[PDB]
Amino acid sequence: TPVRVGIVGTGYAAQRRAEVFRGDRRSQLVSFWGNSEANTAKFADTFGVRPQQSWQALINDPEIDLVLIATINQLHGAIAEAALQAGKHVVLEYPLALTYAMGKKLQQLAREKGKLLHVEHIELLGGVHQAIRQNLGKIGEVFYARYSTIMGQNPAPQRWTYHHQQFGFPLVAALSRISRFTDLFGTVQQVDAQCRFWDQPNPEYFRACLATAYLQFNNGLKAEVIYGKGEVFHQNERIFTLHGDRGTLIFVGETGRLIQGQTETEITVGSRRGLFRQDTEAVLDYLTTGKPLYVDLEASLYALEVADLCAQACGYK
């Protein structure tokens, strides 16, 4: 201590973690790995740290105490299992892994080898998420919700985000979002889901996909999850709507509205920058004082369980 950290990833979650790992004296930023040379060059210039030719080289550096993982979806579990097998601390941006079994298998190894295994989910609608929590008391019992993400893209790239195996089951991220109100909505009682693909002539990439899930919760909520992107979409959607006895919450983008009877109240949505800082500060608290983290793994392990349930209903894998 100080805490030296290698960052596997160069996206949004990586940069907010790097800033707060730099601007805090209780931590030091050493190395990073990025998968595309285009952005790896930029992240190197922005923070002024030297890269590593591979991430397997980065997690085996004995001048590193904690490994940050926010990179290609499918690599997340394997990098987690290996950073732990090297006696390193692990903070992940969700996903945790591909299965619940591997997610559990990540859990046992983390404490057996006595290191921190922390997962959060902030890069996708983190501010919107806390905004919903800070206002769900004002709309009573929630009976119907719709969370739809549609993003048109022509031409579809042959990147990892449109690659079957690297990208994974398309509903993982969105099911994580809808699954984190368990104390209010209950657990998921019934699941029915479909998953359509439009493939490039290279059949290991897709030009488009549409995945939809219809979830019934044990406390009555009926929820629709929709994820779609590619060349077959001409109108975009970034909508998260929740209907309840005493009001309706509507988030278009990062813009929220509360609707109760004849009143309409715009809702303030906080930055994800702030939530990344507090989580990044709360993990330094733990490794320098022992004050246990506010979050534990149960949320991200149940997010996986719902994804395993929907993937099975889709016939995926």
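So that there is no doubt, residue numbering starts at 1 and follows the sequence shown.
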Exercise. Quick one: higher average CA temperature factor, 172 to 180 or 82 to 90?
Worked result: 82 to 90
For this session: Select between 116 to 124 and 143 to 151 the stretch whose C-alpha atoms have the higher average B-factor in the entry.
Result: 116 to 124
Seminar exercise, completed: Entry-reported C-alpha B-factor of residue 314 relative to its chain, by third, is middle
Seminar exercise, completed: Sorting the chain's modelled residues by C-alpha B-factor and splitting them into thirds places residue 108 in the highest
For this session: Would you mind checking where the Cα B-factor of residue 44 ranks among the modelled residues of its chain, as the lowest, middle or highest third?
Result: highest
Exercise. So where's residue 252 on the chain's Cα temperature factor ranking, which third?
Worked result: lowest
Problem set entry | Chain-relative CA temperature factor third for residue 305 | lowest
